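Each chain is listed here by its residues.
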Amino acid sequence: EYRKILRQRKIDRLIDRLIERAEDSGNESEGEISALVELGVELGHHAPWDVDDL
């Protein structure tokens, strides 16, 4: 923010956290973890990932 953006790319860490959770749970819990991601797809990735930009 103060140092011209870049402070954004911090979120990229989520990918690392996402994979650990599977390892950190015991039974992984894909239905809870993987299926969570699917929710993003149904609304058309509120983010610019729908390819068509929703």
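Residues numbered from 1 in each chain as written, not as in the entry; some residues may be left out. Heavy atoms only, no water.

- Method-wise, the PDB entry is recorded as coming from solution NMR.

### Details of unusual backbone geometry
Then comes step 1: Even without being a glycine, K4 presents a positive backbone phi close to 40°.
Then comes step 2: For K4, the location among the structural elements is in the segment before α1 (14–23).
Then comes step 3: Residue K4 is classed as exposed on the basis of its relative accessible area of 67%.
Then comes step 4: Within the chain, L6 stands out as a residue other than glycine whose phi angle is a positive 75°.
Then comes step 5: By the secondary structure assignment, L6 is in the segment before α1. (Helix = DSSP H or I, 4+ residues; strand = E, 2+ residues; numbered from the N terminus. Buried < 20%, exposed > 50% of the residue type's maximum accessible area, 1.4 Å probe, protein only.)

### What to know about a nonpolar patch on the surface
Then comes step 1: Taken together, the side chains of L18, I19 and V37 present a nonpolar region at the surface, about 260 Å² in accessible area.
Then comes step 2: Its location among the elements puts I19 in helix α1. (Patch = residues over 30% accessible without salt bridge, like charges linked within 9 Å, V, L, I, M, F, W, Y side chains within 5 Å. Areas by Shrake-Rupley, 256 points an atom, 1.4 Å probe, with all protein chains shown as cover. Salt bridge = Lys/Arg side-chain N within 4 Å of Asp/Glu carboxyl O.)

### Here we look at the environment of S25
Then comes step 1: Mapped onto the elements of the fold, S25 is located in the loop between α1 and α2 (30–42).
Then comes step 2: Classification of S25 as partly exposed rests on a relative accessible area of 43%.
Then comes step 3: It is 30 Å that separates the C-alpha atoms of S25 and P48, two residues lying 23 residues apart in sequence.
Then comes step 4: A polar contact is formed between the side chain of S25 and the side chain of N27, at a distance of 3.1 Å. (Polar contact = N/O pair within 3.5 Å; in protein donor to acceptor, adjacent residues only side chain to side chain.)

### Let's talk about a negative patch on the surface
Then comes step 1: On the surface, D16, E20, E23, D24, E28 and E30 cluster together into a negatively charged patch.
Then comes step 2: In terms of residue count, α1 provides more of the negative patch than any other element does, 3 residues in total.
Then comes step 3: Looking at where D16 falls in the secondary structure, it is placed in helix α1.
Then comes step 4: Here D16 falls in the partly exposed class, since its relative accessible area comes to 41%. (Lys, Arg positive; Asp, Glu negative; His and termini not counted. Charge placed at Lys NZ, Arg CZ, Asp CG, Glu CD.)

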